[PDB]
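I need the structure of the sequence given here:
(6 chains)
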Amino acid sequence: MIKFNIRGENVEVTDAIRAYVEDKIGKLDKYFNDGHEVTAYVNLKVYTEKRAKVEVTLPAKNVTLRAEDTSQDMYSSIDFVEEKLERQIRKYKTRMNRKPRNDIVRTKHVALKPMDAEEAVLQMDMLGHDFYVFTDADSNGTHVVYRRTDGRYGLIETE
Amino acid sequence: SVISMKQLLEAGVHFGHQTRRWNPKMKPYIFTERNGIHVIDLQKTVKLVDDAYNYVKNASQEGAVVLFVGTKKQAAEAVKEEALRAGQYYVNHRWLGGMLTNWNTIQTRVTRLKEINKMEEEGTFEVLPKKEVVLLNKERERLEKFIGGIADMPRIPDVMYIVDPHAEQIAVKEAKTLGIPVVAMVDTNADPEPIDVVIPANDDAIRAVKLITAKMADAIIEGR
Amino acid sequence: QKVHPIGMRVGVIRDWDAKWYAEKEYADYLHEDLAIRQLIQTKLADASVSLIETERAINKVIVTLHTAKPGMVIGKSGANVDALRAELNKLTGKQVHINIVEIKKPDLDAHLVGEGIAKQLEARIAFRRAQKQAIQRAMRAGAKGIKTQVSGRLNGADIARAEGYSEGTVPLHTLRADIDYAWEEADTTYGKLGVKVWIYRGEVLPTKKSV
Amino acid sequence: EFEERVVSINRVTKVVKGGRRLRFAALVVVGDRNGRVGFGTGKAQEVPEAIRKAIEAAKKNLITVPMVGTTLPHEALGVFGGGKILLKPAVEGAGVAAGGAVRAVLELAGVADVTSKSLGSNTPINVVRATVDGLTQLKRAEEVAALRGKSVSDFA
RNA sequence: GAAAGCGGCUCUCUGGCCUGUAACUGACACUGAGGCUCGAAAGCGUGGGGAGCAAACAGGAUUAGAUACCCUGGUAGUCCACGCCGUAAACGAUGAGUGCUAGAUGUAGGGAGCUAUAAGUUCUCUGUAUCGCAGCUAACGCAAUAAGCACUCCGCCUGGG
RNA sequence: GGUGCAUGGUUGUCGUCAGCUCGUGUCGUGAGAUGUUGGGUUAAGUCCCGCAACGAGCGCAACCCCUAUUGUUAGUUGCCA
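Residues are numbered from 1 along each chain as shown, chains lettered A, B, ... in the order given. Sure, structure below:
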C-alpha cells in the first residue's frame, strides 16, 4: 500500500518474518481501499522470552487503530496479532460497510376506604378541602360536608 | 377498665378497609361489607380490645419507656397528645429504616437535634452571615424531618405501638430484632399473628386513633 | 499525578522558610543557606531534626533554628548546637546564631512520627500496625484530618503496597489545607520505603495577606 | 467475650471498572463450651477488621442446645443446600469423633463425643448452617415429659 | 382431543367428559415391561390437480467476494385420493394413578338456591391463567391444573468428548 | 554503565471526570444489594424525594491569586487637573 514504518525497537530487523508481516498486511491489502499508513513497532527482551511485544499502527484514510500485543514467541506475536488484525477487520466489516444499520381530572375519588358522614367533618379537615370526598359509611351511598359561609358545619348533600 | 364499642361506633374504629386484598386468616372478626367499607359488630372485638385494656396497664406499671407511631395521615396529632400524656416521645413522621441497631444514627440525631441546636440557641446563630441559613436548612429542616424525639429516651422502649404495620413493615422487623413487644391498630389489610394485639381500626375517620390511643396512653398515665 | 499540599503552601500561601529579603544575592545567600540547612539536618546525626529557618538579616544573618526537644538535642546542657554553631562559624565565617525552640508536641509532627516510624521500619516493624499505631496516636491527639503513605520494595518487589488507616478529612483539592506533611525514602537491601504524613490539626492556611 | 475458634479467611472479590478490588471475608465460631455456639463473618479488607466483623456477627445467632450431660438429645440432621450433617449420639467421652468444621462445634457446645460425618458438601458456609439446623431439630426429654402431655418414664 | 392437532357453510355416524345421581353391579380398581395402535414436519410410491407461494438454479445489486439477506423470476415441493418412514424444543427440556390443603384471583357449562313488579347475587365440578400461605430448591422459581406433603405402575440418569 | 514488568521519589495520561468510595446497619447461603435507587436542576452524588437506611469522605462546586466599582495613601526617580 502507500507507506509503512517498520521498526524493531529492541532487536535488529530481519525480513523473512518481516516479509510475513508484509504479506499478512498484504491481506490488509486484500481488505484495503487506501492503505494510507502503517507502522511496525516491536519489542522483545531478555530472560528467555518472558514476553513478546509487537505493534503496528493503522492510520487508514478514515480510521486509525494500533496493535501492541503479545505472545511468548515474537513469531507467534506476528502470527496471532496479525491474525488479530484480520479478525479486527472482521470486526470492521459492519463498522466500515454498514453505514446503514437498517381542567378537572376525569377520574373517580382518589381515596380508597369509605368514611361516614360524621367523619366528613374530619375528612374535610383531613386533606384540606371544604368538601369531603368520602363514600358515606353511615348514609347508604355518598355524602359530603361542605362549609357554609355563615361559619357552621355545611353539607354539600344531595341527601 | 373498658371504654367499649357502645361508644366506639361512629368515630371509625371497628371497620375494615375497601373490600379487596383482605386476609383469609383474620375473617372470624370482620364480617360484613357495604358502601365501600367493612363494618365490625360487637361480638369479639369488645373483649379483644379489653385484652389491650388489661395489658397496656400491665406493661405501663413497671416503669418502662413506651413508644407510639402515628405516621398515617389522620393519626399524627393523637401520637403527639398521647406522647405528651404518656410521657415518652412520639413518632409522627414517615418512618426511617435503620433506627434501633445503628447507634450513631439516632445518637447523632440527638446531638444535632439538640446539641448542635444549642449553637442555634446560643451565640453562633447571630455571629455567622447568610451561609448559616442553609445550615439552618439542615437544622430548621433536617431536625423536624429527622426529628425522632428520641433524646428523652436512653434505652429501648417496652411497647412499639403503630397505626399500621401493613404500611409500616420496617420497624415491625426492627422490633422483632432484639425482643421489644409491640402494640398496633391492625385492620383487615394485615395478618397480625406476629403483632401482639388485634385492634381492628383504620385511620382516616374522625376519632379512632383518638379513642384507642387515648385510653392506651391513659393506661400509661396510671402506669406512671 | 497528585498535588503536593505544602508544595502549594510553603512558598507564598505559607510564608517562607527563607523568611527574609535581599536585593541582589537573594538566591545566593538563600541557596547557600539551604546548603547550610542541609548541614544542620545532617549534623544533627545524633539528634532529632524538627524544622529550621536560617535567615539573612540587617546584621547580614540571623539563623533561625528549631529543635524537637531542648533537653536532648541542644547538648549535654545546650552546647551541641552552640559548639556546632561555632563550628558553623568555622564553616561559613559569620556571626552565627542559635535558636533553642522545641517544636511543640512532635507526636503531631510529620517529621518525627513518620520518620521515627520509618526508622522503626528500619528496625522491621509490622507496618500496618505501625500505621494504626502512629496515626492512632496523633488522631488520638487531635489531627482533624490525618493520613500517611508507605511504599513497597520488599527484597525485590513491586512499587508500593496499600496503606491502611490512611483516613481523615484532608480536603487537598480545596484551598483550606493546614497540613504538617512529610515524606521519606528508607534505603535498604530489601528496597526503599516512602513515608508521607498528612497531619491536619489546623484548618486554615493562607499566610499571604497584610495591611 | 466467648471461647474462640476461627474457621477460615475466605476468598471473594469486588470487580471494579478499571480492575480488581481485593475483597476480604472470614468466618469464625465462638461460644463457651456449654451448648452455646455462635459464628461470625468478616466482609472487610484486612484480618483484624474481619475479627471486628467476626465478633459483630459472632455476637449474635448464639443459642443453646439442650445438652443432656455432654451428649446429644438424639440423632439429628442438618440440611441447608449441600451442608448435610447427620449427628449421632453414641458412647461418649472417648474421642471427639467429628469433622473439622464441627469438632469446633461440639468443643464450643461441650459434647463429650459425637459420631458426625457429613454428606452433601464440605462447604463450610453450609456446614455451619446445617450445624445450626442439626441443633435445631432437637426436641428434649423435658418436653416429651411436658409438651407431649404426659411425664413419660423413658426419661421421667 | 392422550397428544399430534383441530375454524366458510350444511348433512352423515362418531367417540369423550362434566353436572346431577345409589336405579344397579358389588372393588369389577390403578396401572403397565412385552406386544399393539396413533402420530408432527418434510420426503419417498402411484395417479391427478395444477392459482398463489416457494427448494434447485438463473439474472441484478452486494462487496474483496456472494453460491446468502433484497429484487426479478423460477424447478422440485406445497393441494387431492392412495401407501411409508417413526424421527420434531414431543415442550412446560415438568411420566401415570389417586389423597391432603391459606387465599387474591380468569372463564365455560351444568347443578342448586338467588335478586324480583323486568335487575343480580351465593354455593357446587371438571377447565385453563396471574399473584402469592405453608412447604419448597444451587438459585431461578412452583404452589391447586404444587418444582409441598404420601403411596402403586413404569421408565431414565451416572464426568466430559 | 547495565538492570525503571527489580529500585524509591518525581513523573504524563485518561479526566478539570462527576463520578468514585468507605463506616454503621439491614437483607441475601454467598459474593452481592445500602449510601449510589430518588424529583427536577446543575457544571456538580448540585439538592431532594420516596427510600434500609444513616453518616463520613474523595470531590467540580467552597476557600488562593489576577483583572473588572469605590473610599483610606498624595509626590518618589513616576501624576500637573
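
Helices of the chain, start to end?
Looking at chain A here, since you left the chain open. A:17-28, A:46-49, A:74-91, A:120-127 (DSSP state H).

actually it's chain D I care about, not the one you picked
With DSSP H as the criterion, chain D has helices spanning D:47-58, D:100-109, D:124-136, D:141-146.

Are the first one and chain B in contact anywhere?
Right, the one you point to is helix D:47-58. No - contact between helix D:47-58 and chain B is absent, the nearest approach being 10.8 Å (criterion: CB under 8 Å from any CB of the partner chain). For the C-beta atoms, the positions are set from N, CA and C on the backbone; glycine is no exception.

from the chain's centre, how far out does that helix sit?
Counting by CA atoms, centre = their mean, to the nearest Å, helix D:47-58 is centred 17 Å from the centre of its parent chain.

Just the buried positions in that helix, please.
Using 16 or more other CB atoms under 10 Å in any protein chain shown as the test for burial, helix D:47-58 gives D:50, D:51, D:53, D:54, D:55, D:57, D:58.

Among those residues, which ones lie close to RNA strand F?
Applying CB under 7 Å from any atom of the strand to those, one finds that residue D:53 fall near RNA strand F.

Take the helices of chain A and lay them out in a markdown table including distance to residue B:61 and mean neighbour count.
Below are those laid out as a markdown table (distance: least, CB to CB, whole Å; neighbours: other CB atoms under 10 Å in any protein chain shown):
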| stretch | distance to residue B:61 | mean neighbour count |
| --- | --- | --- |
| helix A:17-28 | 92 | 16 |
| helix A:46-49 | 84 | 8 |
| helix A:74-91 | 79 | 17 |
| helix A:120-127 | 33 | 20 |
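
right, and those - which one's nearest residue C:49?
Closest approach to residue C:49 among the helices of chain A (CB to CB): helix A:46-49, 42.7 Å.

Could you tell me the end-to-end distance of stretch C:57-76?
30 Å (CA to CA, to the nearest Å).

check contacts around residue B:13.
B:5, B:200, B:201, B:205, B:208, B:211, B:212 (CB atoms under 8 Å, 6 or more residues apart in numbering or on different chains).

Helix or strand: which one has it?
Under DSSP states H and E, no helix or strand contains residue B:13.

Now the phi/psi pair for the most centrally placed residue in chain B, please.
Ranked by distance to the mean C-alpha position of chain B (CA atoms, centre = their mean), the top residue is residue B:69 at 1.8 Å. Residue B:69 adopts backbone torsions of phi -130, psi 110, taken as degrees, to the nearest 10.

Looking at strand pairing, list the partners for it.
Following DSSP bridges, residue B:69 is listed with bridge partners residue B:91, residue B:162.

Tell me the spacing between the residue in chain B that chain A sits nearest to and residue A:109.
Closest to chain A within chain B is residue B:36: 2.9 Å, counting by CB to the nearest CB. Separation of residue B:36 from residue A:109 (CB to CB, to the nearest Å) stands at 9 Å.

for residue B:60, same thing?
Counting by CB to CB - residue B:60 and residue A:109 are separated by 40 Å.

So which bits of chain D are right by RNA strand E?
Counting by CB under 7 Å from any atom of the strand, chain D comes close to RNA strand E at D:79, D:81, D:82.

Would you mark the buried spots in the longest strand seen in chain A?
The longest strand of chain A (DSSP state E) is strand A:53-59. If you call a residue buried by 16+ other CB under 10 Å, then strand A:53-59 has these buried ones: A:53, A:54, A:55, A:56, A:58, A:59.

Now for those: which two are most distant?
For the buried residues of strand A:53-59, the farthest-apart pair by CB to CB is A:53 and A:59; their separation is 20.2 Å.
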